[PDB]
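Worksheet: the structure to be examined is printed underneath.
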Amino acid sequence: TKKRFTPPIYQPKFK
Amino acid sequence: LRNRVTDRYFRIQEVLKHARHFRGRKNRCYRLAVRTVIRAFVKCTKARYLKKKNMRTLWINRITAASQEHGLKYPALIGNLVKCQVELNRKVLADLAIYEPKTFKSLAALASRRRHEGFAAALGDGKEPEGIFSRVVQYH
Amino acid sequence: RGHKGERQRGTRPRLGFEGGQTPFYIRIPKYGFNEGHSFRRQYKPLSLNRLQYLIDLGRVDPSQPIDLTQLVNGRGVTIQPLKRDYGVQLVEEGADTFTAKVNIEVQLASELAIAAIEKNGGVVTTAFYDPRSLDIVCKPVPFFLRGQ
Amino acid sequence: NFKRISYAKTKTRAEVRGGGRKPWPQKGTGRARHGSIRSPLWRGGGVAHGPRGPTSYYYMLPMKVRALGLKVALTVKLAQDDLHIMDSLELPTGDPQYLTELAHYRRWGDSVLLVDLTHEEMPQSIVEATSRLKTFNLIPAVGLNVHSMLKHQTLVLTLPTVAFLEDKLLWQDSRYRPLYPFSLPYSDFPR
Amino acid sequence: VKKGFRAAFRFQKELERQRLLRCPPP
Amino acid sequence: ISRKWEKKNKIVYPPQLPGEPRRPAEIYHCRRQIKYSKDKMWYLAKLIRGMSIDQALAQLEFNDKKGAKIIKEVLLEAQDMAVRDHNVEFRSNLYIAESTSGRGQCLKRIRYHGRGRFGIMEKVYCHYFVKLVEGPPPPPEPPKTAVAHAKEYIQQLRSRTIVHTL
Amino acid sequence: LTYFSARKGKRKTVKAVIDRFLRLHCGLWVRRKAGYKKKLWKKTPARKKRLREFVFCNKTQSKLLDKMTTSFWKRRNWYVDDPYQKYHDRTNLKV
Amino acid sequence: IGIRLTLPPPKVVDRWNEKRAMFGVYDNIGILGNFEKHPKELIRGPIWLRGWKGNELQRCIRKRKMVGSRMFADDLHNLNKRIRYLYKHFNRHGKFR
RNA sequence: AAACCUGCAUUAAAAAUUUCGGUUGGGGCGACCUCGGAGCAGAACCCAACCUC
RNA sequence: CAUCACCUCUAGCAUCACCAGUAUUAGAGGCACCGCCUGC
RNA sequence: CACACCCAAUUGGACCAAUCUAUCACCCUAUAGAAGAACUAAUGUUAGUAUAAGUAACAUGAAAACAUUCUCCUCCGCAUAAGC
RNA sequence: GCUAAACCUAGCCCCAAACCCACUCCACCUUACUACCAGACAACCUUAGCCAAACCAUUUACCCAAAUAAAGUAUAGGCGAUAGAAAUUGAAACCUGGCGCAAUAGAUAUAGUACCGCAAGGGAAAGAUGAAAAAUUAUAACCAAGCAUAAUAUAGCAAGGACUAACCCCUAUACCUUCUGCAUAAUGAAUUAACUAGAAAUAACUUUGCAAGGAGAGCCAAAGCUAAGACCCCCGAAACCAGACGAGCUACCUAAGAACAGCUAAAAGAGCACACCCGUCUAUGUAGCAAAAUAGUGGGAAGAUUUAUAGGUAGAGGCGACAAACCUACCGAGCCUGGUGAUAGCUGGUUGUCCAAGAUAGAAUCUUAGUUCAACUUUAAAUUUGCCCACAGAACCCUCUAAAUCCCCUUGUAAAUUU
Ligand SMILES: [K+]
Ligand SMILES: [Mg+2]
Ligand SMILES: [Mg+2]
Ligand SMILES: [Mg+2]
Ligand SMILES: [Mg+2]
Ligand SMILES: [Mg+2]
Ligand SMILES: [Mg+2]
Ligand SMILES: [Mg+2]
Ligand SMILES: [Mg+2]
Ligand SMILES: [Mg+2]
Ligand SMILES: [Mg+2]
Ligand SMILES: [Mg+2]
Ligand SMILES: [Mg+2]
Ligand SMILES: [Mg+2]
Ligand SMILES: [Mg+2]
Ligand SMILES: [Mg+2]
Ligand SMILES: [Mg+2]
Ligand SMILES: [Mg+2]
Ligand SMILES: [Mg+2]
Ligand SMILES: [Mg+2]
Ligand SMILES: [Mg+2]
Ligand SMILES: [Mg+2]
Ligand SMILES: [Mg+2]
Ligand SMILES: [Mg+2]
Ligand SMILES: [Mg+2]
Ligand SMILES: [Mg+2]
Ligand SMILES: [Mg+2]
Ligand SMILES: [Mg+2]
Ligand SMILES: [Mg+2]
Ligand SMILES: [Mg+2]
Ligand SMILES: [Mg+2]
Ligand SMILES: [Mg+2]
Ligand SMILES: [Mg+2]
Ligand SMILES: [Mg+2]
Ligand SMILES: [Mg+2]
Ligand SMILES: [Mg+2]
Ligand SMILES: [Mg+2]
Ligand SMILES: [Mg+2]
């Protein structure tokens with residue numbers, strides 16, 4: 001039950 | 001040496017040509033079309049047995065329909081034409097029932113006459129001679 | 001490759017591994033079959049049939065003394081000093097049909113082979129060659145190009 | 001193939017720059033799991049099974065097989081009326097146009113291979129005539145090979161060349177197995 | 001750009017067939 | 001990109017024979033990279049499809065959509081072009097023959113969401129194509145009547161044969 | 001088994017096979033019996049008689065040992081007064 | 001898509017240039033030249049490949065022991081990794097044992 | 001004289017590396033793992049694990 | 001959990017913490033004020 | 001009438017697309033050699049575009065000569081520091 | 001007919017050859033790119049570990065200066081996995097080449113730039129007319145999915161057989177993968193284009209050469225030897241170690257500062273109650289304003305308080321009023337790089353056509369998710385019996401008792417055994 005957090009992935013801005 | 005497929009376009013047009021008459025995305029997307037074209041080809045091969053099966057069922061229905069016009073049943077016509085050594089298949093009999101009504105009535109009369117000879121034959125104990133149309137031509 | 005497992009994944013165990021039980025090549029006791037194999041001396045056999053075959057075709061001249069140099073020159077024997085060879089042994093095979101008077105020198109000789117040569121009036125002698133000298137005798141030309 | 005050296009080489013996933021970092025965590029992101037950005041599945045990644053040059057295709061046929069290849073090559077040319085024997089390679093003029101007209105008159109072929117005994121004894125008349133031609137080649141006796149003979153429709157040999165070839169080729173048919181390479185001195189070699 | 005002439009040549013002939021269907025000659 | 005619609009105005013036909021009928025004038029005009037959705041533009045192009053040139057303008061003048069002003073500007077410059085360049089006697093004689101919208105080159109921006117999430121927003125552009133044909137608009141197809149239905153049904157009953165036989 | 005060495009790039013020989021087995025040049029492998037020196041006081045003379053004898057490996061074991069040794073151990077040797085010299089060649093063998 | 005709409009430029013090949021017309025010459029330098037020279041000595045290329053052939057693992061091992069002291073630091077590091085990987089692959093992975 | 005340092009031993013402290021063999025729904029408590037015989041495959045051979053003794 | 005209060009344990013001493021300190025001190029801990037009762 | 005032409009894993013064959021090279025060939029082929037040599041599938045990689053969907057969501061106090069004025073809010077404001 | 005689609009260079013890869021670069025002025029170790037004052041600070045020290053041994057604990061290859069050979073030999077080694085010489089032998093060595101790549105390829109590179117991160121560090125995307133742009137009257141036609149042109153009419157894996165005819169009639173339970181068996185409501189796939197997965201030894205076989213000899217030193221040989229052809233994949237962990245980088249968030253500390261109305265009270269870790277700090281309850285929100293907020297209601301608010309600035313403690317650790325808290329939005333052990341293409345008996349995937357043969361005895365095992373051997377199966381070869389089966393024959397017991405089985409000449413058949 002350990003708290004698992006997945007940070008959001010920011011795509012490169014050039015797209 | 002690096003080798004790449006240069007004619008992959010023709011490899012998919014040999015499959016998409018068979019799907020041009022389909023409905024939906026399965027007529028232009030190769031991934032979807034290949035699974036539907038294969039099933040269409042599988043049905044095409046298996047339909048050659050149903051086509052022969054459905055033809056005979058259609059013939060039997062038409063022969064039965066014409067026999068009832070003369071007050072006969074399908075078992076009575078086919079069974080008694082065989083005992084007359086008349087080897088006409090269902091395809092021809094159905095054709096005669098549609099395009100040669102007077103010839104089919106002739107066969108219906110012949111089958112009915114042969115049917116009555118068997119009933120008379122079964123009543124006797126064998127002393128009575130066989131019917132006129134009950135005679136069988138022997139081949140040696 | 002099959003269905004899954006080590007076979008399809010290419011992680012098969014080493015050769016000789018038997019799944020966990022003691023391997024066949026391990027459960028056998030050790031015996032000195034090949035112990036000290038590289039220090040045992042080897043001698044290429046030289047049959048009198050082979051010797052007579054070389055003489056009749058002129059490959060080995062009986063008019064001159066025959067040593068290990070002449071046998072190699074006639075391609076009668078193949079000596080490999082690097083393979084712990086120490087010369088040739090004269091064997092008694094074909095001693096019945098041998099008929100030639102030669103002066104041959106061989107590192108080893110059987111009792112019957114000595115008798116067969118001396119019966120026809122020949123002479124057989126046994127001499128020793130060290131591994132360094134043996135390579136010189138077999139191929140004198142490669143040694144003469146070493147400047148030694 | 002024996003002298004071919006293939007220099008093609010690609011970079012595996014271990015030789016592509018970077019790609020040591022895992023892109024996203026193993027679970028949670030909802031995307032496919034990857035360990036590097038230079039794997040073969042990734043764009044710009046390494047090649048799974050690519051060329052690893054430089055590669056050598058060197059192999060040696062047995063000496064008798066290579067010498068027997070010359071005899072069959074010579075036999076095929078003669079049997080097909082494509083081999084012509086000469087006494088010398090001296091032309092009246094060093095004009096390359098003279099050689100082309102001489103070969104067309106005798107109907108030799110589009111390509112003719114000229115062979116001399118040695119390289120330093122080639123007459124200057126034929127050297128100046130062939131050096132400006134593309135299908136008429138001049139080689140010494142030692143430069144004879146099957147590929148050159150098959151490439152050229154017509155083969156031209158001199159009398160010394162024929163004697164040279166027979167001495168060289170027939171020596172393979174009756175010879176002892178080599179104790180040491182023939183470059184070292186022998187009793188009766190070279191002839 | 002993929003090296004190769006046979007595929008490019010074969011595609012031109014297919015295009016010519018389409019050109020005939022779209023604009024048939026007299 | 002493709003700009004065939006512009007080239008469709010540059011085709012010149014051979015001179016007509018005296019006995020040949022009058023050929024209606026065809027005018028191909030378009031506006032590129034309109035900052036509007038092609039899906040929304042389709043409703044305006046479908047509305048004026050088949051209408052007269054003056055009838056189409058009236059519908060677009062009181063329509064509240066943004067593309068209505070854009071399409072009306074295209075029709076005015078297309079009507080002017082027909083008389084000025086395409087040798088059309090009457091500007092009002094024209095009617096809408098083909099009127100459709102097409103996708104244009106679109107940009108891509110980032111739309112920020114919560115929890116550090118984001119979406120890819122596109123600045124949609126569209127093309128509007130219009131074709132004008134000289135002459136009165138063709139009358140709309142009359143609705144199919146019972147006599148037309150009855151005639152077709154009897155024809156189907158008359159074209160049926162005896163199948164799977166001679 | 002090392003199919004390619006890291007310094008020479010050639011196949012290696014497992015030395016656990018050389019110290020236990022003997023290869024006749026005909027192809028046979030000769031081994032000892034497992035336990036011919038263990039607990040001989042509790043074994044019958046008949047049992048000990050068949051324990052102190054040399055035996056041959058079968059088809060599978062001989063094939064296994066051939067892959068675990070290089071060609072240096074499969075060559076023909078001419079040792080002087082070798083006890084197994086006469087066993088290196090088969091006689092009157094068919095199929 | 002993926003197929004060109006125009007034919008590529010014609011590939012003119014000169015079958016009778018200096019290199020093609022003289023290909024294969026002197027390949028019999030030993031047999032026809034008293035064995036003073038060897039046909040493998042005609043081979044040109046890397047010094048670790050002249051007159052030799054082997055698989056990828058052997059080529060890397062042979063290259064490292066001949067020109068390894070002249071290789072660049074990054075190139076030598078890559079060669080060592082390749083030998084480490086190939087050693088594990090050939091001696092521990094495969095279908096046959 | 002004594003110390004420091006060094007080498008080698010001896011305790012202690014604090015750490016270092018490594019592992020949790022299987023079988024019995026789980027846990028607890030116990031049993032079990034090899035060999036021989038029987039219920040145990042009625043009549044060549046083999047074969048019923050778990051289980052019962 | 002910490003907390004005054006209580007209690008246990010360790011330490012007789014200096015030039016970078018403790019400390020520019022010296023057992024009424026310092027450190028390592030238990031318990032959780034006080035008040036009553038109790039061990040010894 | 002024709003006939004090698006309906007099994008998993010595996011195994012034995014006969015053919016073969018494209019590419020490069022040798023030699024041919026010269027509206028795209030032949031015989032060979034060689035290899036980064038063939039994708040309806042790995043929550044594959046990159047890119048394009050659909051679907052959900054023109055949906056969720058987002059925004060500008062009022063009149064007016066656009067001078068101005070009115071209504072309402074103000075838990076804000078101005079400056080320094082730091083940062084930019 | 002829109003979106004688009006096409007293109008050929010830029011440059012690069014591998015070799016050969018040859019041993020490379022860095023003072024124009026000014027500034028640049030202090031807060032680098034900062035004209036201009038008493039310093040004394042000084043460098044050097046075995047790698048480890050992953051991995052293999054199907055665990056692991058000794059051990060486990062890593063150019064050390066000549067290709068070949070000796071030789072995978074002597075030796076070493078839980079004498080296991082594996083490691084491994086030397087004496088000795090002894091060759092060529094002509095840069096300007098390519099059966100290397102051609103914009104998802106080839107270096108990451110149009111550039112270590114944009115951008116991301118406090119930092120170490122990570123790391124892109126793309127260009128395309130023509131001789132002439134001082135011709136733009138351009139650079140025709142045709143091609144993915146997506147659309148438009150052109151919404152839809154009973155009924156059903158969307159097709160097939162058909163039919164005069166779209167449908168109507170009849171027939172048909174999507175594909176892959178994983179299991180004994182998937183329409184399965186088990187796994188994977190919106191779709192298009194491109195890219196993306198079988199690398200090698202001994203032996204044997206096949207086809208040439210030569211032959212008791214073979215081979216271009218070394219090596220094998222009781223018909224061998226030499227050469228060629230022909231067999232051994234892809235993605236994915238949590239981890240471990242080494243060297244760096246981080247306390248601008250947070251934990252605690254150091255230096256020197258700042259803040260706390262009013263009222264009741266009293267020289268209070270007092271009360272009420274703003275600023276401020278905290279986050280009790282409820283509701284909203286749940287790709288949200290927000291990767292933790294909003295509104296209301298609450299605890300503290302002269303103190304063990306709150307807070308700005310600079311400094312310190314760094315991962316075998318720090319710090320902690322212990323919550324296994326925090327140490328830059330995944331801390332039971334940070335992050336980055338390297339070892340590393342770590343390893344995975346586990347999951348998933350594994351790309352032209354056609355034909356052929358082809359399924360269920362077991363044993364051992366830190367073993368039952370695996371592997372080895374046997375059995376079965378395949379191919380090639382050799383040989384002669386193989387199957388079916390007439391009698392005869394195969395135990396007494398504890399008293400008796402089944403279908404049968406083994407063996408097996410004929411005969412019917414064509415297989416069986418061995419390599
Ligand atoms: K392990
Ligand atoms: Mg399995
Ligand atoms: Mg890496
Ligand atoms: Mg790492
Ligand atoms: Mg990984
Ligand atoms: Mg790349
Ligand atoms: Mg945010
Ligand atoms: Mg292997
Ligand atoms: Mg407490
Ligand atoms: Mg048949
Ligand atoms: Mg080909
Ligand atoms: Mg491929
Ligand atoms: Mg594809
Ligand atoms: Mg896919
Ligand atoms: Mg909705
Ligand atoms: Mg709304
Ligand atoms: Mg507002
Ligand atoms: Mg291990
Ligand atoms: Mg473990
Ligand atoms: Mg690139
Ligand atoms: Mg790139
Ligand atoms: Mg399309
Ligand atoms: Mg139906
Ligand atoms: Mg469903
Ligand atoms: Mg299921
Ligand atoms: Mg899915
Ligand atoms: Mg460890
Ligand atoms: Mg481990
Ligand atoms: Mg701080
Ligand atoms: Mg207070
Ligand atoms: Mg208060
Ligand atoms: Mg605290
Ligand atoms: Mg606790
Ligand atoms: Mg706890
Ligand atoms: Mg963090
Ligand atoms: Mg892996
Ligand atoms: Mg397992
Ligand atoms: Mg079959």
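Every chain in the structure tokens takes a letter, A first, then B, and so on in the order presented; its residues are numbered from 1, and the ligands are numbered from 1 following the presented order.
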(message) I'd like the neighbourhood of stretch 71-85 of chain H as a ChimeraX atom specification, where a residue qualifies if any of its atoms comes within 8 Å (using only C-alpha atoms (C1' of nucleotides)), though same-chain residues fewer than 6 positions away should be ignored.
(response) /D:14-15 /G:6 /H:57,60-61,64 /L:62,341
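Using only C-alpha atoms (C1' of nucleotides) and all ligand atoms, we find that the residues with an atom at most 9 Å from any atom of ligand 29 are residues 247, 248, 250 and 311 of chain L.
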(message) Quick check for you: according to DSSP on this backbone, which residues of stretch 3-97 of chain H are classed as helix (DSSP H, G or I)? Reply as a PyMOL selection string.
(response) chain H and resi 18-21+31-33+39-42+56-67+73-92
(message) Env of residue B:118: 12 Å cut, atoms = only C-alpha atoms (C1' of nucleotides), seq-sep filter 6 positions within chain, self excluded. Answer as a PyMOL selection string.
(response) chain B and resi 76+79-80+83-84+111-112+124+126+128-135
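Counting only C-alpha atoms and comparing D:123, D:165, D:23, D:29, the residue that lies closest to chain A is D:29.
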(message) When you look at residue A:10 with a cut-off of 9 Å (counting only C-alpha atoms (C1' of nucleotides)), what residues show up, excluding the ones that are within fewer than 4 positions of it in the same chain? I need them as a ChimeraX atom specification.
(response) /F:116-118 /L:116
Keeping N, CA and C atoms (P, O5', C5', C4', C3', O3' and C1' of nucleotides), export the residues of the selection given above as a PDB file, in the first residue's frame.
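Once everything was written out, this is again21.pdb:
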ATOM      1  N   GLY F 116      -0.404  19.097 -13.911  1.00  0.00           N
ATOM      2  CA  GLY F 116       0.746  19.101 -14.793  1.00  0.00           C
ATOM      3  C   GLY F 116       0.513  18.438 -16.129  1.00  0.00           C
ATOM      4  N   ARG F 117      -0.738  18.166 -16.478  1.00  0.00           N
ATOM      5  CA  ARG F 117      -1.089  17.571 -17.756  1.00  0.00           C
ATOM      6  C   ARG F 117      -1.285  18.662 -18.801  1.00  0.00           C
ATOM      7  N   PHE F 118      -1.319  18.245 -20.062  1.00  0.00           N
ATOM      8  CA  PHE F 118      -1.472  19.190 -21.157  1.00  0.00           C
ATOM      9  C   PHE F 118      -2.135  18.498 -22.337  1.00  0.00           C
TER      10      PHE F 118
ATOM     11  P     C L 116      12.867  25.628 -20.791  1.00  0.00           P
ATOM     12  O5'   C L 116      13.151  24.207 -20.133  1.00  0.00           O
ATOM     13  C5'   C L 116      12.188  23.168 -20.208  1.00  0.00           C
ATOM     14  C4'   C L 116      12.713  21.887 -19.612  1.00  0.00           C
ATOM     15  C3'   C L 116      13.415  22.016 -18.273  1.00  0.00           C
ATOM     16  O3'   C L 116      12.524  22.138 -17.182  1.00  0.00           O
ATOM     17  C1'   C L 116      14.701  20.649 -19.698  1.00  0.00           C
TER      18        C L 116
END
(request) Select the residues contacting ligand 28 at a distance of at most 12 Å, based on only C-alpha atoms (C1' of nucleotides) and all ligand atoms, then format the selection as a PyMOL selection string. (result) (chain I and resi 17-19) or (chain L and resi 49-52+55-56+238-240+342-344)
(request) Considering only C-alpha atoms (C1' of nucleotides), return as number ranges by chain whatever protein or nucleic-acid residues lie within 8 Å of stretch 26-28 of chain C, sequence-local ones (same chain, fewer than 6 positions apart) excluded. (result) G: 16, 20, 31-34
Using the selection just defined, write its residues with N, CA, C and O atoms as an mmCIF file, in the first residue's frame.
data_model
loop_
_atom_site.group_PDB
_atom_site.id
_atom_site.type_symbol
_atom_site.label_atom_id
_atom_site.label_comp_id
_atom_site.auth_asym_id
_atom_site.auth_seq_id
_atom_site.Cartn_x
_atom_site.Cartn_y
_atom_site.Cartn_z
ATOM 1 N N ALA G 16 38.038 -31.338 -16.922
ATOM 2 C CA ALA G 16 37.385 -32.361 -16.118
ATOM 3 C C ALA G 16 37.107 -33.629 -16.911
ATOM 4 O O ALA G 16 36.854 -34.677 -16.310
ATOM 5 N N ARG G 20 39.460 -37.855 -16.421
ATOM 6 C CA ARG G 20 38.567 -38.939 -16.034
ATOM 7 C C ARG G 20 38.385 -39.967 -17.141
ATOM 8 O O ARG G 20 38.151 -41.147 -16.864
ATOM 9 N N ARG G 31 36.285 -45.223 -19.472
ATOM 10 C CA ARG G 31 36.188 -44.587 -18.168
ATOM 11 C C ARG G 31 36.348 -45.639 -17.082
ATOM 12 O O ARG G 31 36.460 -46.838 -17.356
ATOM 13 N N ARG G 32 36.357 -45.176 -15.838
ATOM 14 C CA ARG G 32 36.371 -46.030 -14.664
ATOM 15 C C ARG G 32 34.956 -46.157 -14.106
ATOM 16 O O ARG G 32 34.014 -45.511 -14.570
ATOM 17 N N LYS G 33 34.806 -47.001 -13.091
ATOM 18 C CA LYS G 33 33.523 -47.213 -12.440
ATOM 19 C C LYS G 33 33.429 -46.349 -11.190
ATOM 20 O O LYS G 33 34.358 -46.305 -10.380
ATOM 21 N N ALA G 34 32.301 -45.659 -11.044
ATOM 22 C CA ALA G 34 32.104 -44.739 -9.930
ATOM 23 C C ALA G 34 31.990 -45.523 -8.630
ATOM 24 O O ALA G 34 30.978 -46.186 -8.380
#
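Each of D:3, D:13, D:27, D:52 was compared to chain B using only C-alpha atoms, and D:52 turns out to be the nearest.
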(request) Would you mind listing the residues within 12 Å of ligand 16, counting only C-alpha atoms (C1' of nucleotides) and all ligand atoms, as a PyMOL selection string? (result) chain K and resi 55-58
Would you write out those residues with N, CA, C and O atoms (P, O5', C5', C4', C3', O3' and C1' of nucleotides), as a PDB file, in the first residue's frame?
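Result file is result-v4.pdb:
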ATOM      1  P     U K  55     -20.221  22.085 -29.754  1.00  0.00           P
ATOM      2  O5'   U K  55     -20.201  21.337 -28.348  1.00  0.00           O
ATOM      3  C5'   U K  55     -20.974  20.167 -28.128  1.00  0.00           C
ATOM      4  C4'   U K  55     -20.271  19.216 -27.195  1.00  0.00           C
ATOM      5  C3'   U K  55     -19.611  19.847 -25.980  1.00  0.00           C
ATOM      6  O3'   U K  55     -20.525  20.087 -24.924  1.00  0.00           O
ATOM      7  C1'   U K  55     -18.108  18.330 -27.006  1.00  0.00           C
ATOM      8  P     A K  56     -20.344  21.365 -23.969  1.00  0.00           P
ATOM      9  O5'   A K  56     -19.115  20.979 -23.034  1.00  0.00           O
ATOM     10  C5'   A K  56     -19.259  20.034 -21.985  1.00  0.00           C
ATOM     11  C4'   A K  56     -17.943  19.772 -21.302  1.00  0.00           C
ATOM     12  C3'   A K  56     -17.277  20.978 -20.656  1.00  0.00           C
ATOM     13  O3'   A K  56     -17.789  21.269 -19.370  1.00  0.00           O
ATOM     14  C1'   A K  56     -15.693  19.814 -21.959  1.00  0.00           C
ATOM     15  P     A K  57     -18.297  22.751 -19.019  1.00  0.00           P
ATOM     16  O5'   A K  57     -16.976  23.639 -19.060  1.00  0.00           O
ATOM     17  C5'   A K  57     -15.866  23.351 -18.223  1.00  0.00           C
ATOM     18  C4'   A K  57     -14.594  23.932 -18.788  1.00  0.00           C
ATOM     19  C3'   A K  57     -14.579  25.443 -18.965  1.00  0.00           C
ATOM     20  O3'   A K  57     -14.249  26.131 -17.771  1.00  0.00           O
ATOM     21  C1'   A K  57     -13.842  24.419 -20.956  1.00  0.00           C
ATOM     22  P     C K  58     -14.909  27.559 -17.444  1.00  0.00           P
ATOM     23  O5'   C K  58     -14.059  28.585 -18.315  1.00  0.00           O
ATOM     24  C5'   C K  58     -12.647  28.655 -18.191  1.00  0.00           C
ATOM     25  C4'   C K  58     -12.030  29.389 -19.354  1.00  0.00           C
ATOM     26  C3'   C K  58     -12.543  30.799 -19.594  1.00  0.00           C
ATOM     27  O3'   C K  58     -11.917  31.753 -18.754  1.00  0.00           O
ATOM     28  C1'   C K  58     -12.492  29.611 -21.642  1.00  0.00           C
TER      29        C K  58
END
(request) Residues up to 10 Å from ligand 33, counting only C-alpha atoms (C1' of nucleotides) and all ligand atoms: could you list those as a VMD selection string? (result) (chain J and resid 1) or (chain L and resid 322 to 324)
Emit the selected residues as a PDB file, in the first residue's frame, including N, CA and C atoms (P, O5', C5', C4', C3', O3' and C1' of nucleotides).
ATOM      1  P     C J   1       5.102   8.245  23.396  1.00  0.00           P
ATOM      2  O5'   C J   1       6.073   9.303  22.711  1.00  0.00           O
ATOM      3  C5'   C J   1       7.089   8.889  21.811  1.00  0.00           C
ATOM      4  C4'   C J   1       7.728  10.073  21.132  1.00  0.00           C
ATOM      5  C3'   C J   1       8.294  11.137  22.061  1.00  0.00           C
ATOM      6  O3'   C J   1       9.602  10.832  22.514  1.00  0.00           O
ATOM      7  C1'   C J   1       6.945  12.165  20.415  1.00  0.00           C
TER       8        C J   1
ATOM      9  P     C L 322      11.371  13.388  16.819  1.00  0.00           P
ATOM     10  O5'   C L 322      10.802  11.900  16.866  1.00  0.00           O
ATOM     11  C5'   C L 322       9.579  11.560  16.223  1.00  0.00           C
ATOM     12  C4'   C L 322       9.519  10.095  15.857  1.00  0.00           C
ATOM     13  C3'   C L 322       9.324   9.129  17.026  1.00  0.00           C
ATOM     14  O3'   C L 322       8.546   8.014  16.595  1.00  0.00           O
ATOM     15  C1'   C L 322      11.332   8.612  15.904  1.00  0.00           C
ATOM     16  P     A L 323       6.944   8.082  16.626  1.00  0.00           P
ATOM     17  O5'   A L 323       6.574   8.853  15.285  1.00  0.00           O
ATOM     18  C5'   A L 323       5.353   8.604  14.609  1.00  0.00           C
ATOM     19  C4'   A L 323       5.510   8.772  13.120  1.00  0.00           C
ATOM     20  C3'   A L 323       6.580   7.921  12.462  1.00  0.00           C
ATOM     21  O3'   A L 323       6.170   6.582  12.242  1.00  0.00           O
ATOM     22  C1'   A L 323       6.742  10.139  11.670  1.00  0.00           C
ATOM     23  P     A L 324       7.138   5.365  12.645  1.00  0.00           P
ATOM     24  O5'   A L 324       8.391   5.542  11.683  1.00  0.00           O
ATOM     25  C5'   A L 324       8.233   5.510  10.270  1.00  0.00           C
ATOM     26  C4'   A L 324       9.463   6.019   9.564  1.00  0.00           C
ATOM     27  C3'   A L 324       9.541   5.671   8.083  1.00  0.00           C
ATOM     28  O3'   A L 324      10.232   6.697   7.379  1.00  0.00           O
ATOM     29  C1'   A L 324      11.337   4.643   9.238  1.00  0.00           C
TER      30        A L 324
END
(message) Set the cut-off to 8 Å and count only C-alpha atoms: what are the residues of chain F that reach chain B? Output as a PyMOL selection string.
(response) chain F and resi 164-166
Given the selection you just returned, output its residues as a file containing C-alpha atoms, formatted as a PDB file, in the first residue's frame.
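New file part.pdb:
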ATOM      1  CA  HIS F 164     -31.166 -20.965 -61.606  1.00  0.00           C
ATOM      2  CA  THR F 165     -32.604 -22.644 -64.700  1.00  0.00           C
ATOM      3  CA  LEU F 166     -32.298 -22.490 -68.488  1.00  0.00           C
TER       4      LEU F 166
END
(request) Identify every residue of chain L that has at least one atom within 7 Å of any atom of chain A, counting only C-alpha atoms (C1' of nucleotides), and report the result as JSON, numbers by chain. (result) {"L": [115, 291, 330]}
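Once residue F:113 and its same-chain neighbours fewer than 6 positions away are set aside, residues 119 of chain F; 287 and 288 of chain L remain within 9 Å of it when counting only C-alpha atoms (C1' of nucleotides).
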(request) For residue K:49, please output as a PyMOL selection string all residues within 10 Å (counting only C-alpha atoms (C1' of nucleotides); exclusion window: fewer than 2 positions along the same chain). (result) chain L and resi 3+145-147+191-192
